[PDB]
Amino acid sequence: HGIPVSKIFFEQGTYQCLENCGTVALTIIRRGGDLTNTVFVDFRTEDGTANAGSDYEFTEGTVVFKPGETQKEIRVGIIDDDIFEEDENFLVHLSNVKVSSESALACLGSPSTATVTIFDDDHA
């Protein structure tokens, strides 16, 4: 052993957005190791106190770090409505880190899960 490996993780642990922000942006980071490799990482949302379909969009997919890339941005739609609510949150999970051919070259780091605070923008 004694060789460094790439680490995948969110740039921040918590993100924020007004309910009228349209979409919230999370940044996935890839650090160290051999950056000439192609690395795949899956992402996926989960409900907290905010619910998919009424507060945000169920969003999922896969990010691909091409050689030399150290940062990838992802978007989650925020559903704006006209009703009063508490400030809520949902989760976004990284998983399934794989290296491409042509798994300790690349690993999931910490934080592999980010939280998203949605501030309500309505009165009552």
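Each residue number is its position in the shown sequence, starting from 1.
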| item | value |
| --- | --- |
| Residue 102 to residue 103: deposited residues without atomic coordinates | 10 or more |
| Stretch exceeding the other in mean C-alpha B-factor - 78-86, 32-40 | 78-86 |
| Between the two ranges 6-14 and 103-111, the one averaging a larger CA B factor in the entry | 103-111 |
| Chain-wide C-alpha B factor ranking for residue 21, given as lowest, middle or highest third | highest |
| Third of the chain, ranked by Cα B-factor, where residue 67 sits | lowest |
| Third of chain Cα B-factors occupied by residue 95 | lowest |
| B-factor third for the C-alpha atom of residue 51 within its chain | middle |
